[PDB]
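Heads up, the chain below is alone and in the form deposited in one PDB entry; it's given as structure tokens.
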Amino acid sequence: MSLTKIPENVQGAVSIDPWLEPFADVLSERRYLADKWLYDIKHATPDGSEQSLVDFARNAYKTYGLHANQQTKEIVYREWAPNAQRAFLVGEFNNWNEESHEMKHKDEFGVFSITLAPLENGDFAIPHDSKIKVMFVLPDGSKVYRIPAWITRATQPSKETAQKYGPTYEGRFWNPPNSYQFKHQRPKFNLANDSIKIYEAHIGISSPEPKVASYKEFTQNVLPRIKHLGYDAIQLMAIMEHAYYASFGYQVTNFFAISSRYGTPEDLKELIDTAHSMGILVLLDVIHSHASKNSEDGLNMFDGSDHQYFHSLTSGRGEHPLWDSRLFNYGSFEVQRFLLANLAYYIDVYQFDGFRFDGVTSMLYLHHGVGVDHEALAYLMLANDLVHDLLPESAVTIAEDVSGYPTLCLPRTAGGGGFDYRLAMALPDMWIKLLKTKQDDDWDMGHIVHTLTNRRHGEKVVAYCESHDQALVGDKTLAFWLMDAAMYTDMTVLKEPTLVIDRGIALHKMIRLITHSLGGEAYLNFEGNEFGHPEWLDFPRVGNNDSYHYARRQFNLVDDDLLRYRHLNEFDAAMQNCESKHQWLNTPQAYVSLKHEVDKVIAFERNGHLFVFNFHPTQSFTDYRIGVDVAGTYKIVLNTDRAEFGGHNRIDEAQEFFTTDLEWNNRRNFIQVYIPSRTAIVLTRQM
């Protein structure tokens, strides 16, 4: 007879999706843990009074780590190491003397501290960009050496240093005479109202050369290409320091160090400032789901113990079943401080505009996606509180969550995780299965529409037809599925394309456009796929003889107006700029009027604009009737068949499309369109 219990702190979510009703109590407990931790954090002040969550995070990165005082020329260094009996700062600055610079004060928190006076001549005691370590003496008397956990730069060893010590990274004290000063404002952006179209990029591979390309090169040579394409945002992968390049950035060693293989912190600041000057937001891949198992240059056994940053190996909760990585103890207050400060550091010091949290499925579940892990979810809820407080109404957070955890992207006040978007990570496999298993005459229009529109209510989605995952050596891109190993001989504009190439180009544009318009509330493109980049991506590793041959991006292809890669590129630019003028991404789901299984025609309206796709492999249609709700005059604003997009220029884009007041496909009006085989068009109503 008991009333079904719907606690007030998840009423918002339950109203959004009443399917959640039988889970309301477990959802309420999940939020409640996060809300109690939030209270704990906001009262972690000397007198126990309330502080803001932002102030907590900012005070943390301003007081942990090493800080040079530019006025007094002192240096302060503090380091959390509860298991260590003694701590010493060693480095080039003191010829690695293990006695002269003890961090004598160990506080109630287990934090060692030291202040270094200026030198007799007034110089900083630690030279700019010289090497440092902290040495701990453990209770048993043994010694271990570590890169400080909050170091802002860590570099690969020289050939000689690695001959004597191995590949272990070296910590650097970064204190340049002239820090980069930001000159440009963040672009105007309202998360609730504005569309975000995301260019996913990796600095190291961003040149045609088989090398690690630099921050400066990206700023000079790639940013203009992204501006030309009209993307709203760049998602920078592999920025947090990682010693193993082929990890793609996912094995993080130094959480507060931007990767040094691409250049200096000031080079990356300039990169982000320049993106901002061009109106482009910059997002960071944040890997807070696990850490590299490296000791000394990583956090594993940092203080000599197996229960500081990570759940212990004997707890059964301490290592990943596949990644060979350690798992954070999110219930430790100092680990919460470390991770939350890390987010504020990247927003504040580098002016990133938001984050993509990688590994969210591994965080959410006690078995990591092969029961929910309440502590990891509560940390993500705090993380969203903080990021949205740092940049109110502008900040973006995005979850990489393959599981589709309900409420992940509902607001925290509703009882949800607080993410703005999740990745639509099932969508690439739909396109691969069609291309690999079904003949073209056998494409099911309804199954395409169902998969693209199957989105949880209220949980906004970044759609894409392929991502950095699929570009990798494990799989083939859409370009490879559609055109195999096509070469410059197949891609010349000076001869008629084969059937294969003609079909590949048309579908490459059509698949992107229907994903972009029907599949989500935001869009993502992985670097190179906007122009159908050939071959595949691969990083140097043992399995390929440390080759960089595939660790690059042939951007030169786009500049050759006698090849067809540029046709794909120009269409991508047209798609993004069309959406910028005629919003359809961050809008309610489409109203689909047609998914015709014999004609292979899909038609829908979204945000008042009309979208028509003829997927039929051979049949062209003339005077094809399309239902339209709002009567008026329509004009084509995007046309896949245009010559400069690599089409055959059959469609007259000057034509005025007048509606006729006669019911059709459950709409009050119709227009009539010419749609050749494998073409698509977008129309908007003229005012």
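Sequential numbering from 1, following the sequence displayed. Each form is matched to the other, and the largest set of C-alpha atoms that superpose within 1.5 Å is called the rigid core.
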| property | result |
| --- | --- |
| Chain break class for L494 to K495, judged by how many deposited residues have no coordinates | none |
| Greater mean Cα temperature factor according to the PDB record, 340-348 or 159-167 | 159-167 |
| Stretch with the higher entry mean CA B-factor, where the candidates are 622-630 and 31-39 | 622-630 |
| Which of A376, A399, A590, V370 ranks first by CA B-factor in the deposited coordinates | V370 |
| Selection by C-alpha B-factor (highest) of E99, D353, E579, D358 | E99 |
| Third of the chain's Cα B-factor distribution that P82 belongs to, per the entry | lowest |
| Record-listed C-alpha B factor of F645: chain third | middle |
| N639, C-alpha B-factor rank within chain (lowest, middle or highest third) | lowest |
| Third of the chain's Cα B-factor distribution that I651 belongs to, per the entry | highest |
| CA B-factor ranking of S394, expressed as a third of its chain | middle |
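From this point on, the text means the form deposited in another entry, which you will not see here.
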{"item": "Residue among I132, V137, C578, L482 with C-alpha shift of 2 Å or more between this form and the one not shown, core superposed", "value": "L482"}
{"item": "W443 C-alpha moves between this form and the one not shown by 2 Å or more, core aligned", "value": "yes"}
{"item": "C-alpha of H43 moved at least 2 Å between this form and the one not shown on rigid core", "value": "yes"}
{"item": "CA of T498, rigid core aligned, shift of 2 Å or more between this form and the one not shown", "value": "yes"}
{"item": "Sense of the change in Cα distance from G474 to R356 in the other form - at least 3 Å versus the shown form", "value": "farther"}
{"item": "Change in CA distance between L284 and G474 in the other form, which is 3 Å or more, as closer or farther", "value": "farther"}
